[PDB]
$ cat final-v8.txt   # compact mmCIF, N, CA and C atoms and all ligand atoms
# COMPACT_ATOMS: atom_id res chain seq x y z
N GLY G 545 -42.98 -26.22 -80.31
CA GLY G 545 -41.74 -26.06 -79.58
C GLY G 545 -42.02 -25.56 -78.18
N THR G 546 -40.97 -25.56 -77.36
CA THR G 546 -41.04 -25.15 -75.97
C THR G 546 -40.23 -23.88 -75.76
N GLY G 547 -40.80 -22.94 -75.00
CA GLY G 547 -40.10 -21.70 -74.72
C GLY G 547 -40.94 -20.81 -73.83
N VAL G 548 -40.39 -19.64 -73.54
CA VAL G 548 -41.06 -18.62 -72.73
C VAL G 548 -41.49 -17.51 -73.67
N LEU G 549 -42.80 -17.38 -73.88
CA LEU G 549 -43.33 -16.37 -74.78
C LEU G 549 -43.49 -15.05 -74.04
N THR G 550 -42.93 -13.98 -74.60
CA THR G 550 -42.99 -12.66 -74.01
C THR G 550 -43.24 -11.63 -75.10
N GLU G 551 -43.60 -10.42 -74.68
CA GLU G 551 -43.85 -9.34 -75.62
C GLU G 551 -42.58 -9.00 -76.40
N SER G 552 -42.77 -8.59 -77.65
CA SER G 552 -41.66 -8.29 -78.55
C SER G 552 -41.83 -6.91 -79.15
N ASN G 553 -40.70 -6.26 -79.44
CA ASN G 553 -40.69 -4.96 -80.11
C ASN G 553 -40.10 -5.05 -81.51
N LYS G 554 -40.15 -6.23 -82.13
CA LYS G 554 -39.66 -6.39 -83.49
C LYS G 554 -40.52 -5.59 -84.46
N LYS G 555 -39.88 -4.87 -85.37
CA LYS G 555 -40.59 -4.05 -86.35
C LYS G 555 -40.92 -4.89 -87.58
N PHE G 556 -41.81 -5.86 -87.38
CA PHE G 556 -42.23 -6.72 -88.47
C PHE G 556 -42.96 -5.93 -89.54
N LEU G 557 -42.61 -6.18 -90.79
CA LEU G 557 -43.35 -5.64 -91.91
C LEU G 557 -44.59 -6.50 -92.16
N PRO G 558 -45.62 -5.94 -92.80
CA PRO G 558 -46.89 -6.68 -92.94
C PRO G 558 -46.75 -8.03 -93.62
N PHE G 559 -45.86 -8.15 -94.60
CA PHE G 559 -45.70 -9.43 -95.29
C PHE G 559 -44.91 -10.43 -94.46
N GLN G 560 -44.05 -9.96 -93.56
CA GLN G 560 -43.22 -10.86 -92.77
C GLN G 560 -44.05 -11.64 -91.77
N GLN G 561 -43.76 -12.94 -91.66
CA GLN G 561 -44.48 -13.83 -90.75
C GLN G 561 -43.58 -14.42 -89.68
N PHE G 562 -42.46 -15.02 -90.06
CA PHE G 562 -41.60 -15.75 -89.14
C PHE G 562 -40.33 -14.95 -88.87
N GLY G 563 -40.00 -14.78 -87.59
CA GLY G 563 -38.74 -14.19 -87.22
C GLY G 563 -37.61 -15.20 -87.23
N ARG G 564 -36.38 -14.69 -87.15
CA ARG G 564 -35.21 -15.55 -87.13
C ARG G 564 -34.06 -14.80 -86.47
N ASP G 565 -32.93 -15.49 -86.33
CA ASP G 565 -31.78 -14.96 -85.62
C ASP G 565 -30.50 -15.22 -86.41
N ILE G 566 -29.35 -15.07 -85.75
CA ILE G 566 -28.06 -15.25 -86.43
C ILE G 566 -27.93 -16.66 -86.98
N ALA G 567 -28.27 -17.67 -86.19
CA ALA G 567 -28.09 -19.06 -86.58
C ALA G 567 -29.43 -19.79 -86.57
N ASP G 568 -30.22 -19.56 -87.63
CA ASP G 568 -31.41 -20.35 -87.97
C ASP G 568 -32.26 -20.78 -86.78
N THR G 569 -32.60 -19.84 -85.90
CA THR G 569 -33.48 -20.12 -84.77
C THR G 569 -34.60 -19.10 -84.76
N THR G 570 -35.84 -19.58 -84.70
CA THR G 570 -37.01 -18.71 -84.75
C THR G 570 -37.22 -18.09 -83.37
N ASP G 571 -36.79 -16.83 -83.22
CA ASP G 571 -36.96 -16.10 -81.97
C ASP G 571 -38.22 -15.24 -81.95
N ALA G 572 -39.02 -15.27 -83.01
CA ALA G 572 -40.26 -14.51 -83.07
C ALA G 572 -41.24 -15.24 -83.97
N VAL G 573 -42.52 -14.93 -83.79
CA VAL G 573 -43.59 -15.58 -84.55
C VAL G 573 -44.80 -14.66 -84.55
N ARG G 574 -45.62 -14.78 -85.59
CA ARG G 574 -46.85 -14.01 -85.73
C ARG G 574 -48.04 -14.91 -85.46
N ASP G 575 -48.99 -14.41 -84.67
CA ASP G 575 -50.14 -15.21 -84.28
C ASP G 575 -51.02 -15.50 -85.49
N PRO G 576 -51.47 -16.75 -85.68
CA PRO G 576 -52.46 -17.04 -86.73
C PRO G 576 -53.85 -16.58 -86.34
N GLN G 577 -53.91 -15.75 -85.30
CA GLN G 577 -55.13 -15.12 -84.81
C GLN G 577 -54.89 -13.62 -84.79
N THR G 578 -55.75 -12.87 -84.11
CA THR G 578 -55.60 -11.42 -83.98
C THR G 578 -54.14 -11.03 -83.82
N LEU G 579 -53.67 -10.16 -84.72
CA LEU G 579 -52.24 -9.98 -84.93
C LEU G 579 -51.54 -9.50 -83.67
N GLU G 580 -50.42 -10.15 -83.35
CA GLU G 580 -49.60 -9.77 -82.20
C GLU G 580 -48.23 -10.41 -82.37
N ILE G 581 -47.18 -9.59 -82.34
CA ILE G 581 -45.81 -10.07 -82.46
C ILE G 581 -45.37 -10.63 -81.11
N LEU G 582 -44.84 -11.84 -81.12
CA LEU G 582 -44.52 -12.55 -79.89
C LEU G 582 -43.13 -13.16 -79.99
N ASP G 583 -42.39 -13.12 -78.89
CA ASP G 583 -41.04 -13.64 -78.84
C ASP G 583 -41.03 -15.10 -78.38
N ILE G 584 -39.93 -15.78 -78.67
CA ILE G 584 -39.70 -17.15 -78.23
C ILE G 584 -38.32 -17.22 -77.58
N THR G 585 -38.26 -17.71 -76.35
CA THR G 585 -37.01 -17.84 -75.61
C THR G 585 -37.10 -19.09 -74.75
N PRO G 586 -36.14 -20.01 -74.85
CA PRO G 586 -36.19 -21.22 -74.02
C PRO G 586 -36.04 -20.89 -72.55
N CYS G 587 -36.68 -21.71 -71.71
CA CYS G 587 -36.61 -21.50 -70.28
C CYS G 587 -35.24 -21.94 -69.74
N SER G 588 -35.01 -21.63 -68.47
CA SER G 588 -33.66 -21.67 -67.91
C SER G 588 -33.10 -23.09 -67.88
N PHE G 589 -31.78 -23.18 -67.98
CA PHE G 589 -31.06 -24.44 -67.90
C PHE G 589 -29.62 -24.15 -67.49
N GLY G 590 -28.91 -25.21 -67.10
CA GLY G 590 -27.52 -25.05 -66.71
C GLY G 590 -26.91 -26.37 -66.32
N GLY G 591 -25.70 -26.30 -65.78
CA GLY G 591 -24.98 -27.48 -65.35
C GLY G 591 -24.92 -27.62 -63.84
N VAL G 592 -24.61 -28.82 -63.36
CA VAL G 592 -24.58 -29.12 -61.93
C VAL G 592 -23.20 -29.66 -61.58
N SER G 593 -22.62 -29.13 -60.50
CA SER G 593 -21.34 -29.61 -59.99
C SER G 593 -21.50 -29.97 -58.52
N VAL G 594 -20.83 -31.04 -58.10
CA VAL G 594 -20.91 -31.55 -56.74
C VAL G 594 -19.57 -31.36 -56.06
N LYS C 792 9.48 7.35 -53.29
CA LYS C 792 9.64 6.81 -54.64
C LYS C 792 10.87 7.37 -55.33
N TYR C 793 11.98 7.50 -54.60
CA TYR C 793 13.25 7.93 -55.16
C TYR C 793 14.18 6.73 -55.27
N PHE C 794 14.53 6.35 -56.50
CA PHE C 794 15.41 5.21 -56.76
C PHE C 794 16.56 5.68 -57.65
N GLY C 795 17.59 6.24 -57.03
CA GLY C 795 18.79 6.63 -57.75
C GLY C 795 18.57 7.60 -58.89
N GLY C 796 17.46 8.34 -58.88
CA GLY C 796 17.12 9.22 -59.97
C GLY C 796 16.27 8.59 -61.06
N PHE C 797 16.07 7.28 -61.03
CA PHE C 797 15.21 6.61 -62.00
C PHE C 797 13.74 6.87 -61.68
N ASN C 798 12.91 6.78 -62.71
CA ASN C 798 11.48 7.07 -62.61
C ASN C 798 10.69 5.83 -63.02
N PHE C 799 10.02 5.22 -62.05
CA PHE C 799 9.19 4.04 -62.28
C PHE C 799 7.70 4.34 -62.13
N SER C 800 7.31 5.60 -62.25
CA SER C 800 5.92 5.98 -62.01
C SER C 800 4.96 5.40 -63.05
N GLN C 801 5.46 5.02 -64.23
CA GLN C 801 4.61 4.53 -65.30
C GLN C 801 4.44 3.02 -65.28
N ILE C 802 5.07 2.32 -64.34
CA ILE C 802 4.90 0.88 -64.22
C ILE C 802 4.46 0.44 -62.83
N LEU C 803 4.65 1.26 -61.80
CA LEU C 803 4.18 0.90 -60.47
C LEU C 803 2.68 1.15 -60.35
N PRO C 804 1.99 0.34 -59.54
CA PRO C 804 0.54 0.54 -59.38
C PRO C 804 0.22 1.82 -58.64
N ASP C 805 -0.96 2.37 -58.91
CA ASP C 805 -1.44 3.56 -58.25
C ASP C 805 -2.75 3.29 -57.53
N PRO C 806 -2.90 3.74 -56.29
CA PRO C 806 -4.14 3.51 -55.54
C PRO C 806 -5.28 4.46 -55.88
N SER C 807 -5.16 5.25 -56.95
CA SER C 807 -6.18 6.22 -57.33
C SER C 807 -7.21 5.64 -58.29
N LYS C 808 -7.28 4.32 -58.42
CA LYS C 808 -8.23 3.67 -59.31
C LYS C 808 -8.84 2.47 -58.60
N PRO C 809 -10.08 2.11 -58.94
CA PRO C 809 -10.66 0.88 -58.38
C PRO C 809 -9.85 -0.36 -58.73
N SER C 810 -9.26 -0.40 -59.92
CA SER C 810 -8.34 -1.46 -60.31
C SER C 810 -6.92 -0.97 -60.12
N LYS C 811 -6.15 -1.67 -59.28
CA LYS C 811 -4.79 -1.26 -58.93
C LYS C 811 -3.85 -1.68 -60.06
N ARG C 812 -3.88 -0.90 -61.14
CA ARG C 812 -3.16 -1.22 -62.36
C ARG C 812 -2.28 -0.06 -62.78
N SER C 813 -1.16 -0.38 -63.42
CA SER C 813 -0.26 0.66 -63.90
C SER C 813 -0.83 1.31 -65.16
N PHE C 814 -0.21 2.42 -65.56
CA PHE C 814 -0.66 3.13 -66.75
C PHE C 814 -0.48 2.29 -68.01
N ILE C 815 0.67 1.62 -68.13
CA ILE C 815 0.92 0.80 -69.31
C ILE C 815 -0.02 -0.40 -69.34
N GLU C 816 -0.33 -0.97 -68.18
CA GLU C 816 -1.29 -2.07 -68.13
C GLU C 816 -2.67 -1.61 -68.56
N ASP C 817 -3.07 -0.40 -68.16
CA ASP C 817 -4.34 0.14 -68.61
C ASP C 817 -4.35 0.35 -70.12
N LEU C 818 -3.25 0.86 -70.67
CA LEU C 818 -3.18 1.02 -72.12
C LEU C 818 -3.30 -0.33 -72.83
N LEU C 819 -2.62 -1.35 -72.31
CA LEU C 819 -2.69 -2.68 -72.93
C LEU C 819 -4.09 -3.25 -72.87
N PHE C 820 -4.76 -3.14 -71.72
CA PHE C 820 -6.12 -3.66 -71.61
C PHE C 820 -7.08 -2.90 -72.52
N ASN C 821 -6.93 -1.58 -72.61
CA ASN C 821 -7.79 -0.81 -73.50
C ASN C 821 -7.55 -1.19 -74.96
N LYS C 822 -6.30 -1.45 -75.33
CA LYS C 822 -6.02 -1.84 -76.71
C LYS C 822 -6.58 -3.23 -77.02
N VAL C 823 -6.50 -4.16 -76.06
CA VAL C 823 -6.96 -5.51 -76.35
C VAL C 823 -8.48 -5.62 -76.27
N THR C 824 -9.13 -4.78 -75.45
CA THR C 824 -10.58 -4.89 -75.26
C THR C 824 -11.39 -4.48 -76.48
N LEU C 825 -10.75 -4.25 -77.64
CA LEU C 825 -11.51 -4.00 -78.86
C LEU C 825 -12.50 -5.13 -79.13
N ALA C 826 -12.05 -6.38 -78.97
CA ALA C 826 -12.96 -7.52 -78.85
C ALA C 826 -12.53 -8.33 -77.62
N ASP C 827 -12.93 -7.85 -76.45
CA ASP C 827 -12.87 -8.64 -75.22
C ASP C 827 -14.11 -8.48 -74.35
N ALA C 828 -14.85 -7.37 -74.48
CA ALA C 828 -16.07 -7.07 -73.74
C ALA C 828 -15.85 -6.95 -72.23
N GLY C 829 -16.78 -6.30 -71.55
CA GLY C 829 -16.75 -6.17 -70.10
C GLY C 829 -18.02 -6.74 -69.50
N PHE C 830 -18.46 -7.86 -70.06
CA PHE C 830 -19.74 -8.46 -69.73
C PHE C 830 -19.76 -8.95 -68.28
N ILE C 831 -20.96 -9.29 -67.81
CA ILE C 831 -21.21 -9.64 -66.41
C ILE C 831 -21.28 -11.16 -66.30
N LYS C 832 -20.63 -11.84 -67.25
CA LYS C 832 -20.51 -13.30 -67.39
C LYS C 832 -21.75 -13.86 -68.08
N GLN C 833 -22.63 -12.99 -68.59
CA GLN C 833 -23.76 -13.39 -69.42
C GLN C 833 -24.65 -14.41 -68.70
N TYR C 834 -25.26 -13.93 -67.62
CA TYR C 834 -26.13 -14.76 -66.81
C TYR C 834 -27.42 -15.07 -67.56
N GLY C 835 -28.34 -15.76 -66.87
CA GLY C 835 -29.63 -16.09 -67.44
C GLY C 835 -30.55 -14.91 -67.66
N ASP C 836 -30.14 -13.71 -67.23
CA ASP C 836 -30.93 -12.50 -67.43
C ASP C 836 -30.94 -12.03 -68.88
N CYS C 837 -30.21 -12.71 -69.77
CA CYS C 837 -30.19 -12.34 -71.18
C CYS C 837 -31.49 -12.76 -71.86
N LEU C 838 -32.59 -12.09 -71.50
CA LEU C 838 -33.90 -12.37 -72.07
C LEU C 838 -34.59 -11.10 -72.52
N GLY C 839 -33.82 -10.07 -72.85
CA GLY C 839 -34.37 -8.80 -73.30
C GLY C 839 -34.97 -8.92 -74.70
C1 LIG K 901 7.96 10.29 -63.89
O1 LIG K 901 7.26 10.29 -65.14
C2 LIG K 901 5.90 10.75 -65.05
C3 LIG K 901 5.30 10.57 -66.42
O2 LIG K 901 6.08 9.71 -67.23
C4 LIG K 901 5.88 12.19 -64.56
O3 LIG K 901 4.53 12.61 -64.38
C5 LIG K 901 4.21 13.66 -65.31
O4 LIG K 901 4.56 14.96 -64.81
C6 LIG K 901 4.28 16.03 -65.73
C7 LIG K 901 4.78 17.30 -65.08
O5 LIG K 901 4.83 17.18 -63.67
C8 LIG K 901 2.79 16.07 -66.05
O6 LIG K 901 2.55 17.07 -67.03
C9 LIG K 901 1.49 17.95 -66.58
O7 LIG K 901 0.25 17.25 -66.49
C10 LIG K 901 -0.83 18.06 -65.99
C11 LIG K 901 -2.04 17.17 -65.80
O8 LIG K 901 -3.14 17.99 -65.43
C12 LIG K 901 -1.08 19.20 -66.99
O9 LIG K 901 -2.12 20.03 -66.51
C13 LIG K 901 0.21 20.02 -67.18
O10 LIG K 901 -0.01 21.04 -68.15
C14 LIG K 901 1.40 19.13 -67.56
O11 LIG K 901 1.16 18.67 -68.88
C15 LIG K 901 2.31 14.72 -66.56
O12 LIG K 901 0.90 14.72 -66.73
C16 LIG K 901 2.70 13.61 -65.59
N1 LIG K 901 2.31 12.31 -66.11
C17 LIG K 901 1.43 11.52 -65.49
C18 LIG K 901 1.14 10.21 -66.16
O13 LIG K 901 0.90 11.84 -64.43
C19 LIG K 901 6.62 12.31 -63.23
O14 LIG K 901 6.71 13.68 -62.85
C20 LIG K 901 8.02 11.72 -63.35
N2 LIG K 901 8.70 11.75 -62.06
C21 LIG K 901 9.39 12.81 -61.62
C22 LIG K 901 10.02 12.66 -60.27
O15 LIG K 901 9.51 13.83 -62.29
$ encode --input "final-v8.txt" --output "structure tokens"
Amino acid sequence: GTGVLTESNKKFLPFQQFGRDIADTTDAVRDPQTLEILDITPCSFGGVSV
Amino acid sequence: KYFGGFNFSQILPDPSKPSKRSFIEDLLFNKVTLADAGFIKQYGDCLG
């Protein structure tokens, strides 16, 4: 997926791997490497008016 | 602010507030804002 990865302060428990949100969107993930909790946020977008 | 002995102080605007609103209007807005929020239009800065 595409997004802006930034540091996270989620209090993940050791068994927990995948984060989630109100409506089935993974806003956090655990590295399959040296452990580090990381956030996921899509980059900027908007509409255009002329 | 003398009108035949009538008192309109609770509905006329007062310049002692940043929002030029009457007392009853402030009560109404406070009652409705239980779910109305005072957000900043939720810009792209929502990345906390
Ligand atoms: C028109 O009506 C308004 C209110 O409906 C009147 O204003 C009210 O005046 C009373 C007494 O002057 C205030 O009571 C006092 O308030 C102070 C606030 O510090 C308190 O320390 C005193 O112990 C006392 O309770 C009342 O607060 C005030 N209301 C408001 C909203 O300011 C006004 O006097 C009326 N017009 C005329 C010409 O009488």
$ closest_atom_pairs --input "final-v8.txt" --of "chain C" --to "ligand LIG 901 (chain K)" --cutoff "6.5 Å" --atoms "all atoms listed in the file" --output "CSV"
residue,atom,partner,partner_atom,distance
C:798,CA,K:LIG901,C1,4.9
C:799,N,K:LIG901,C1,5.8
C:800,N,K:LIG901,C1,5.0
C:801,N,K:LIG901,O2,5.6
$ closest_atom_pairs --input "final-v8.txt" --of "chain G" --to "chain C" --cutoff "8 Å" --atoms "all atoms listed in the file" --output "JSON lines"
{"residue": "G:551", "atom": "C", "partner": "C:839", "partner_atom": "C", "distance": 7.8}
{"residue": "G:552", "atom": "CA", "partner": "C:839", "partner_atom": "C", "distance": 7.7}
{"residue": "G:553", "atom": "N", "partner": "C:839", "partner_atom": "C", "distance": 7.9}
{"residue": "G:585", "atom": "CA", "partner": "C:838", "partner_atom": "CA", "distance": 7.2}
{"residue": "G:588", "atom": "CA", "partner": "C:835", "partner_atom": "CA", "distance": 6.9}
{"residue": "G:589", "atom": "N", "partner": "C:835", "partner_atom": "CA", "distance": 7.4}
$ atom_distance --input "final-v8.txt" --atom1 "atom C of residue 590 in chain G" --atom2 "atom C of residue 834 in chain C"
11.4 Å
$ select_by_dssp --input "final-v8.txt" --residues "chain G" --states "strand (DSSP E or B)" --output "list in words"
residues 548, 551, 562, 572, 573, 574, 581, 582, 583 and 585 of chain G
$ residues_around --input "final-v8.txt" --residues "residue 561 in chain G" --least-positions-apart "2" --cutoff "7 Å" --atoms "only C-alpha atoms" --output "number ranges by chain"
G: 559, 563, 573-574
$ atom_distance --input "final-v8.txt" --atom1 "CA of residue 554 in chain G" --atom2 "CA of residue 575 in chain G"
13.7 Å
$ residues_around --input "final-v8.txt" --residues "residue 802 in chain C" --least-positions-apart "5" --cutoff "7 Å" --atoms "only N, CA and C atoms" --output "PyMOL selection string"
chain C and resi 812-816
$ atom_distance --input "final-v8.txt" --atom1 "CA of residue 584 in chain G" --atom2 "atom N of residue 547 in chain G"
6.7 Å
$ select_by_dssp --input "final-v8.txt" --residues "chain C" --states "alpha helix (DSSP H)" --output "PyMOL selection string"
chain C and resi 814-823
$ decode --input "final-v8.txt" --residues "range 820-839 of chain C" --atoms "N, CA, C and O atoms" --output "mmCIF file, in the first residue's frame"
data_model
loop_
_atom_site.group_PDB
_atom_site.id
_atom_site.type_symbol
_atom_site.label_atom_id
_atom_site.label_comp_id
_atom_site.auth_asym_id
_atom_site.auth_seq_id
_atom_site.Cartn_x
_atom_site.Cartn_y
_atom_site.Cartn_z
ATOM 1 N N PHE C 820 -26.503 28.154 21.432
ATOM 2 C CA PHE C 820 -25.320 27.553 20.823
ATOM 3 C C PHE C 820 -24.641 26.575 21.770
ATOM 4 O O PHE C 820 -24.187 25.508 21.344
ATOM 5 N N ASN C 821 -24.562 26.913 23.059
ATOM 6 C CA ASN C 821 -23.964 25.992 24.017
ATOM 7 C C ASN C 821 -24.787 24.716 24.147
ATOM 8 O O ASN C 821 -24.228 23.624 24.297
ATOM 9 N N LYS C 822 -26.115 24.829 24.097
ATOM 10 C CA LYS C 822 -26.951 23.637 24.188
ATOM 11 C C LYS C 822 -26.814 22.763 22.947
ATOM 12 O O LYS C 822 -26.813 21.531 23.047
ATOM 13 N N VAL C 823 -26.704 23.375 21.767
ATOM 14 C CA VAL C 823 -26.646 22.571 20.548
ATOM 15 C C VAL C 823 -25.248 21.995 20.327
ATOM 16 O O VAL C 823 -25.106 20.911 19.749
ATOM 17 N N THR C 824 -24.199 22.670 20.808
ATOM 18 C CA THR C 824 -22.832 22.215 20.551
ATOM 19 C C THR C 824 -22.472 20.926 21.286
ATOM 20 O O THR C 824 -21.284 20.567 21.268
ATOM 21 N N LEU C 825 -23.430 20.243 21.922
ATOM 22 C CA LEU C 825 -23.143 18.934 22.501
ATOM 23 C C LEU C 825 -22.558 17.995 21.454
ATOM 24 O O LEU C 825 -21.583 17.283 21.725
ATOM 25 N N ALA C 826 -23.138 17.976 20.250
ATOM 26 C CA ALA C 826 -22.481 17.400 19.077
ATOM 27 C C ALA C 826 -22.572 18.426 17.949
ATOM 28 O O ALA C 826 -23.421 18.327 17.060
ATOM 29 N N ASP C 827 -21.685 19.419 17.996
ATOM 30 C CA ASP C 827 -21.426 20.301 16.861
ATOM 31 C C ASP C 827 -19.950 20.597 16.655
ATOM 32 O O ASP C 827 -19.561 20.918 15.526
ATOM 33 N N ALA C 828 -19.120 20.485 17.696
ATOM 34 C CA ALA C 828 -17.677 20.710 17.659
ATOM 35 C C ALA C 828 -17.305 22.146 17.300
ATOM 36 O O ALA C 828 -18.112 22.894 16.737
ATOM 37 N N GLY C 829 -16.079 22.536 17.640
ATOM 38 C CA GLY C 829 -15.549 23.841 17.298
ATOM 39 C C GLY C 829 -14.284 23.696 16.482
ATOM 40 O O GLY C 829 -13.317 24.441 16.661
ATOM 41 N N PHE C 830 -14.295 22.720 15.577
ATOM 42 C CA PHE C 830 -13.116 22.329 14.822
ATOM 43 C C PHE C 830 -12.659 23.456 13.894
ATOM 44 O O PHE C 830 -13.356 24.450 13.672
ATOM 45 N N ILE C 831 -11.458 23.282 13.344
ATOM 46 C CA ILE C 831 -10.781 24.300 12.547
ATOM 47 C C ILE C 831 -10.957 23.958 11.071
ATOM 48 O O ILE C 831 -10.150 24.350 10.220
ATOM 49 N N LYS C 832 -12.026 23.216 10.773
ATOM 50 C CA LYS C 832 -12.462 22.743 9.453
ATOM 51 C C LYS C 832 -11.691 21.483 9.069
ATOM 52 O O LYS C 832 -11.832 20.981 7.942
ATOM 53 N N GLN C 833 -10.912 20.919 9.996
ATOM 54 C CA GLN C 833 -10.261 19.620 9.818
ATOM 55 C C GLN C 833 -9.377 19.617 8.566
ATOM 56 O O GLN C 833 -9.624 18.915 7.584
ATOM 57 N N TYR C 834 -8.332 20.437 8.635
ATOM 58 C CA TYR C 834 -7.393 20.564 7.532
ATOM 59 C C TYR C 834 -6.554 19.294 7.397
ATOM 60 O O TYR C 834 -6.747 18.300 8.103
ATOM 61 N N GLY C 835 -5.599 19.335 6.470
ATOM 62 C CA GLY C 835 -4.693 18.224 6.261
ATOM 63 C C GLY C 835 -3.715 17.978 7.386
ATOM 64 O O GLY C 835 -2.964 17.000 7.333
ATOM 65 N N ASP C 836 -3.701 18.839 8.405
ATOM 66 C CA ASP C 836 -2.833 18.667 9.562
ATOM 67 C C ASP C 836 -3.275 17.528 10.472
ATOM 68 O O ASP C 836 -2.588 17.251 11.460
ATOM 69 N N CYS C 837 -4.393 16.869 10.171
ATOM 70 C CA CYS C 837 -4.861 15.746 10.973
ATOM 71 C C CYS C 837 -4.003 14.514 10.714
ATOM 72 O O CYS C 837 -4.464 13.541 10.108
ATOM 73 N N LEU C 838 -2.748 14.553 11.164
ATOM 74 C CA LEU C 838 -1.812 13.449 10.991
ATOM 75 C C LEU C 838 -1.113 13.113 12.303
ATOM 76 O O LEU C 838 -0.001 12.580 12.301
ATOM 77 N N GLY C 839 -1.750 13.424 13.427
ATOM 78 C CA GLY C 839 -1.172 13.153 14.737
ATOM 79 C C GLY C 839 -1.168 11.659 15.037
ATOM 80 O O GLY C 839 -1.350 11.246 16.181
#
